[PDB]
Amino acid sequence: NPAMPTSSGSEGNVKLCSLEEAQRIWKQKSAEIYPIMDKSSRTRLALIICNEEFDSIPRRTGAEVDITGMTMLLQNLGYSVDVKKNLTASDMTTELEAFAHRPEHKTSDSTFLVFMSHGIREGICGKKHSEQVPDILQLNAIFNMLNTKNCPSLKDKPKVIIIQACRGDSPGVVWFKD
């Protein structure tokens, strides 16, 4: 290992776990850690769906920064990243179903799913969304499409879902006096 850490490697800005630390974690916890596959043979997959350009709702300016950051991070962590942009709820479902059918999951130990869009209380907005005609993908549907029934390849494997979206109109705050 180099004297000074460098971001020029495959892990970029992600701080490396040493062999001393990896064995310490293997010792501090017995059989309560998810198994990791060999780095030489594993085919880790990740999917990013990001909606920026919408038909009827405000443009999500700055989303490109999120896409860049999340893509580079998941790659740093060892995942091959699919990036899909400006999709309807129907398109999101079709893409998720296809992702769940990917052969690479069989030789993978985990997956990351990332959704970035506008959102309401009920779920995540598709590109064609409006108040008059809703275009919503529910979080419930995401779980269903990736469970043991609909995605047997990811049985016993960590499935991490990250969602950047509003969940309603409210500012999320209340006042109090000290």
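From 1 onward, residues are counted along the sequence shown. Just so we're on the same page, rigid core means the largest C-alpha set that superposes within 1.5 Å between forms.
Relative to the displayed structure, the C-alphas of 20-28 lie farther away on average in 5 other deposited structures of this protein than those of the other candidate, with 150-158 and 20-28 compared after rigid core superposition. Of 29-37 and 106-114, the stretch whose C-alpha atoms sit farther from the shown form in 5 other deposited structures of this protein, after fitting on the rigid core, is 29-37. As listed in the deposited structure, the average C-alpha B-factor of 143-151 and of 49-57 is greater for 49-57. Relative to one another, 20-28 and 152-160 have unequal mean CA B-factors, and 20-28 is the one with the higher figure.
Comparing C-alpha B-factors across 124, 114, 65, 133 in the deposited entry, the largest value falls on 133. Ranked within its chain, residue 108 lands in the lowest third, by CA B factor from the PDB record. Per the deposited record, the Cα B-factor of residue 118 falls in the middle third when ranked against the other modelled residues of its chain.
Per-chain ranking of the deposited C-alpha B factor places residue 173 in the lowest third.
Per the PDB record, residue ranking by Cα B-factor puts residue 94 in the middle third of the chain.
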